[PDB]
Amino acid sequence: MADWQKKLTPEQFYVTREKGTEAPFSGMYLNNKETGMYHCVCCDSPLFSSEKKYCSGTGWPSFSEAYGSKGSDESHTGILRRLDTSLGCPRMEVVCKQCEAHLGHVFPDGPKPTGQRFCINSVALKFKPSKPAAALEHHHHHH
Ligand SMILES: [Zn+2]
């Protein structure tokens, strides 16, 4: 509103359309994509490793697990969850409670739930890479 910028490059209105599709002329998506992780820009916490990114199929924003934490960590994470099988067919969906970010979901492909695909949408999420000269996480300094 009151603009041309946000109309030519929408954000909250764009990612909500990308919540179902791939696109050609991918540009910045036509090169390599490194290892790393993803975190909120709404709360505090890093939550998903790019290590589980569905590469060598589509490279698209999916995560073959929500990978970094286990068992003990299901209270620590500040993430929550909600299942739905009520249309006669089972779905699984997940939220961060810290940010209230309801952005991660996992759906079957037709066979057993062993074939599932876990899609996550970046509408309030940022990322940090694995490799240095863009990773620089701890201090490097002296006396
Ligand atoms: Zn969060």
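Refer to the preceding data block for the structure.
Residues numbered from 1 in each chain as written, not as in the entry; some residues may be left out. Heavy atoms only, no water.

**Student:** Teacher, can you tell me more about the layout of surface pockets here?
**Tutor:** If you roll a probe as big as a water molecule over the atoms, it shows you where there is empty space left. The calculated volume of the second largest pocket comes to roughly 760 Å³. Forming the walls of the second largest pocket are 34 residues, and the residues nearest its centre are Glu-65, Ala-66, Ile-79, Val-94 and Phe-118. Considering only residue class, the lining of the second largest pocket consists of 20 nonpolar, seven polar and seven charged. (1 Å grid on protein atoms, 1.4 Å probe; cavity = no way out; pocket = protein on both sides within 12 Å on 5 of 7 lines; lining within 4 Å. Points joined across faces, edges and corners; volume = space filled by probe spheres on them. Nonpolar A, V, L, I, M, F, W, Y, C, P; charged D, E, K, R; others polar.)

**Student:** What is the right way to look at the sheet that holds strand β5 (residues 104-107) in this model?
**Tutor:** Hydrogen bonds between backbone atoms are what pair the strands of a sheet, whose relative direction is either parallel or antiparallel. Spatially, β3-β4-β5-β6 is the arrangement adopted by the four strands of the open sheet, whose pairing is antiparallel. The open sheet has two free edges, formed respectively by β3 (79-84) and β6 (117-120), since each of these has just one partner strand. Taking the axes of each pair of neighbouring strands and ignoring which way they run, one obtains an average angle of 20° across the sheet. With four bridges connecting them, β5 and β6 associate as antiparallel partners. Bridge assignment links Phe-107 to a residue of β6, and that residue is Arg-117. (Pairing = 2+ DSSP bridges. Helix = DSSP H or I, 4+ residues; strand = E, 2+ residues; numbered from the N terminus. Axes fitted to C-alpha atoms, helices over the stretch in contact; angles between N-to-C directions.)

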